[PDB]
Q: 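Questions regarding the structure given below will be posed in turn.
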Amino acid sequence: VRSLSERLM
Amino acid sequence: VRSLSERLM
Amino acid sequence: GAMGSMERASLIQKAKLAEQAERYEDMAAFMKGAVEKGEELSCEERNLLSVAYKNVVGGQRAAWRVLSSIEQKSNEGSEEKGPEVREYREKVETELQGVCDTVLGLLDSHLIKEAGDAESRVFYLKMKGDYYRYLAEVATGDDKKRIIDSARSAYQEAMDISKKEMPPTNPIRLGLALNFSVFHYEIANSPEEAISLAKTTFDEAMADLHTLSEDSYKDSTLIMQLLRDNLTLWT
Amino acid sequence: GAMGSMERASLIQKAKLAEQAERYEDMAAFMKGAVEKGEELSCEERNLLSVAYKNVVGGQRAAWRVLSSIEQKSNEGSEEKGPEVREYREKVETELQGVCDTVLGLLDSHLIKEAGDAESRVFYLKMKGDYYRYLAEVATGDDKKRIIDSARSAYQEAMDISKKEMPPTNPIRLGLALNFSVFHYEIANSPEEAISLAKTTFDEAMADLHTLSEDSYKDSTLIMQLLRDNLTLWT
Ligand SMILES: N=C(N)c1cc(-c2ccccc2)c(-c2cn(CCN)cn2)s1
Ligand SMILES: N=C(N)c1cc(-c2ccccc2)c(-c2cn(CCN)cn2)s1
Ligand SMILES: [Ca+2]
Ligand SMILES: [Ca+2]
Ligand SMILES: [Ca+2]
Ligand SMILES: [Ca+2]
Ligand SMILES: [Cl-]
Ligand SMILES: [Cl-]
């Protein structure tokens with residue numbers, strides 16, 4: 001499972 | 001609400 | 001065309017890859033290239049063509065509806081915001097019209113004229129009706145009536161062939177009737193015709209289900225459920 | 001550029017409309033046009049730029065991963081299928097690299113050099129790290145090491161400024177640390193560094209939450225949850 005990066009607002 | 005048209009398989 | 005140097009089989013292979021990658025613009029370009037090789041399309045290839053363009057135009061239609069709603073709100077106590085909403089709605093609309101014209105051009109040059117079997121001819125005439133219907137959704141000028149009649153005429157020819165040549169449960173026949181019913185309700189201001197067509201289509205399919213294998217039964221009943229869902233919304 | 005004749009304010013307005021219509025390629029083209037007007041970007045405009053390109057490159061990355069997996073399976077008892085999978089993976093890869101190069105070019109000409117406040121400078125340096133990271137995801141040649149070091153260097157400069165100039169709960173600082181931790185885990189083969197950075201970032205933010213309003217608390221804790229989710233996956 002791939003790491004989570006920053007998400008849009 | 002809009003009518004449903006044919007869907008892809 | 002930019003696909004003129006690629007083998008037909010490679011275009012079909014790449015269309016399937018593009019589908020898996022959810023790259024529908026690429027998928028449509030590959031299938032356009034395959035059609036332009038000049039050979040008829042198999043059933044699988046016809047469905048690849050339809051899936052690709054349905055996804056492309058579907059995104060355009062969804063965007064056009066968002067923008068058209070914003071534009072209509074702006075034209076009610078609403079602060080003037082300049083020409084930008086109209087311009088951008090027009091941009092998306094022109095793109096959408098261009099995709100529809102491309103599909104109609106493939107059908108006219110030369111898929112329909114070479115389609116002799118009911119499964120191919122009905123499929124293409126239905127598609128012709130669908131893409132004229134998408135043009136009608138955005139039409140407003142001295143052409144709206146003629147665009148609507150072009151959709152109607154294509155659907156009617158497809159219906160006449162389908163009723164003579166296909167069983168009432170055939171999935172192409174069902175999808176055609178479904179989309180013609182949507183045309184009646186949403187384009188032609190004929191909700192009673194839409195309801196009648198959906199009901200008769202559903203009932204005649206119901207009575208033919210007993211002839212089908214398990215897998216064909218699943219295919220047909222899935223489309224019948226859409227007829228039923230519309231009838232629930234319309235009544 | 002094709003946007004050279006459009007007013008800056010109209011480009012920003014249309015970027016917002018494109019977002020609402022989920023037309024992210026259009027959104028990115030509008031924001032590129034706005035950047036090319038040569039003025040600095042406000043906080044809202046910087047976020048419009050990032051949203052647009054993140055959505056475009058995100059679709060490309062998802063497609064590239066699908067195609068790369070198919071290609072790797074084909075290169076294990078696997079029937080030879082010709083050059084098509086590689087060619088189409090390469091096509092998507094080249095497109096993705098082109099988008100990353102475009103964003104990096106906007107940052108280099110001239111967004112970073114004009115960004116003096118921490119909130120703008122950290123934002124742009126983080127973006128530089130992100131788009132080099134996306135290049136690193138697909139890199140294989142004599143450039144993979146240099147691409148990785150370019151990502152690292154941009155993230156490190158952003159980190160150094162963020163720690164001096166921003167509180168530990170600042171959402172830009174948090175998003176930067178999150179993405180640098182992903183760089184360590186997924187690109188640089190440094191899972192321990194990734195874990196340490198995520199933990200320290202989370203703990204230092206926790207201790208600063210008491211200073212925040214309800215709305216800022218919501219903003220910061222949402223990003224902290226991503227740090228926590230990664231730590232759960234990584235440990
Ligand atoms: N790659 C896709 N999306 C599709 C592939 C096929 C397909 C067609 C023939 C043979 C093998 C696959 C599709 C199909 C079939 N029918 C029949 C009416 N229910 C509707 N769609 S769709
Ligand atoms: N049109 C969009 N998507 C966005 C608009 C804004 C926005 C920014 C400033 C003022 C008004 C709106 C966004 C924003 C803000 N921040 C802050 C860090 N949490 C992250 N994103 S995002
Ligand atoms: Ca024929
Ligand atoms: Ca027959
Ligand atoms: Ca400045
Ligand atoms: Ca500060
Ligand atoms: Cl426009
Ligand atoms: Cl290709």
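Remember, it's 1-based here, ligands and their atoms both numbered in the order they're listed. Chain identifiers are assigned alphabetically (A, B, ...) following the order of the sequence lines, protein sequences preceding nucleic acid strands; residue numbering begins at 1 within each chain. Atoms considered below: every heavy atom in the structure, side chains included; atoms not considered: hydrogens, waters and symmetry mates.
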Q: If you measure every N or O of C:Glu19 against every N or O of ligand 1, does any of those distances drop under 3.5 Å?
A: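 N/O-N/O distance below 3.5 Å exists for this pair.
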Q: With salt bridge (charged side-chain N to carboxylate O under 4.0 Å, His left out) as the rule and sequence neighbours excluded, what pairs involving residues 34-53 of chain C come up?
A: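 Passing the test, one end in residues 34-53 of chain C: C:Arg8-C:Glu45, C:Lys16-C:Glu44, C:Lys32-C:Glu36.
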Q: Using a 4.0 Å heavy-atom cut-off, say whether C:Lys16 meets ligand 1 through its side chain, its backbone, both or neither.
A: neither
Q: Quick test of your reading of the model: are C:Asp130 and C:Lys126 salt-bridged, counting only N-O distances below 4.0 Å?
A: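 Salt bridge: yes.
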Q: Between B:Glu6 and C:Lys54, is there a salt bridge with N-O shorter than 4.0 Å?
A: no
Q: Quick one: do D:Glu95 and D:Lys91 make a salt bridge, cutoff under 4.0 Å?
A: no
Q: With atoms numbered from 1 as shown, which atoms in ligand 1 lie under 4.0 angstrom from a non-hydrogen atom of C:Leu48?
A: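 The list of qualifying atoms is 1 (N).
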Q: What residue pairs, at least two apart or across chains, pass ring-ring contact (aromatic ring centres under 6.0 Å, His included) with a residue in residues 7-59 of chain C?
A: C:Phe30-D:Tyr88
Q: Please report which non-hydrogen protein atom sits nearest to atom 7 (C) of ligand 1, along with the residue it belongs to and the distance in Å to one decimal place.
A: C:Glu44 CG, 4.0 Å
Q: Closest non-hydrogen protein atom to atom 4 (C) of ligand 1, residue and atom name please, with distance?
A: C:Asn47 CB, 4.6 Å
Q: Are C:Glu165 and C:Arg173 close enough for a salt bridge, meaning some N to O gap below 4.0 Å?
A: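 Judged by the 4.0 Å cut-off on N to carboxylate O distance, C:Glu165 and C:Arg173 do not form a salt bridge.
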Q: Leaving out waters, which are not shown anyway, how many protein N, O or S atoms lie closer than 3.0 Å to the Ca ion (ligand 5)?
A: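 Protein N, O or S neighbours of the Ca ion (ligand 5) under 3.0 Å, waters not counted, come to 3.
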Q: Does the protein put a heavy atom less than 4.0 Å from atom 9 (C) of ligand 1?
A: yes
Q: What residue and atom, counting heavy atoms only, is the protein's closest point to atom 19 (N) of ligand 1, and at what distance?
A: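 Scanning the protein heavy atoms, the shortest distance from atom 19 (N) of ligand 1 goes to B:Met9 CE, 3.0 Å.
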Q: Whether D:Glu137 and D:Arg61 form a salt bridge (side-chain N of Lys/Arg under 4.0 Å from carboxylate O of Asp/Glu) is what I want to check.
A: yes
Q: Kindly indicate whether a cation-pi arrangement holds for D:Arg152 with D:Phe183, taking the cut-offs as under 6.0 Å to the six-membered ring centre and within 45° of the axis.
A: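 Not flagged: D:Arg152 not positioned over aromatic ring of D:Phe183.
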Q: Salt bridge or not for D:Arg89 and D:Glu71, using N-O below 4.0 Å?
A: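 Counted as a salt bridge, because a side-chain N and a carboxylate O are separated by less than 4.0 Å.
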Q: Which residue holds the protein heavy atom closest to atom 18 (C) of ligand 1, what is that atom called, and what is the gap in Å?
A: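 Ranked first by proximity to atom 18 (C) of ligand 1 is C:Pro171 CB, 3.9 Å.
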Q: Keeping to residues at least two apart or across chains, list the ring-ring contact (aromatic ring centres under 6.0 Å, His included) pairs with something in residues 115-141 of chain D.
A: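 Listed once each, the pairs are D:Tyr131-D:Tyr134.
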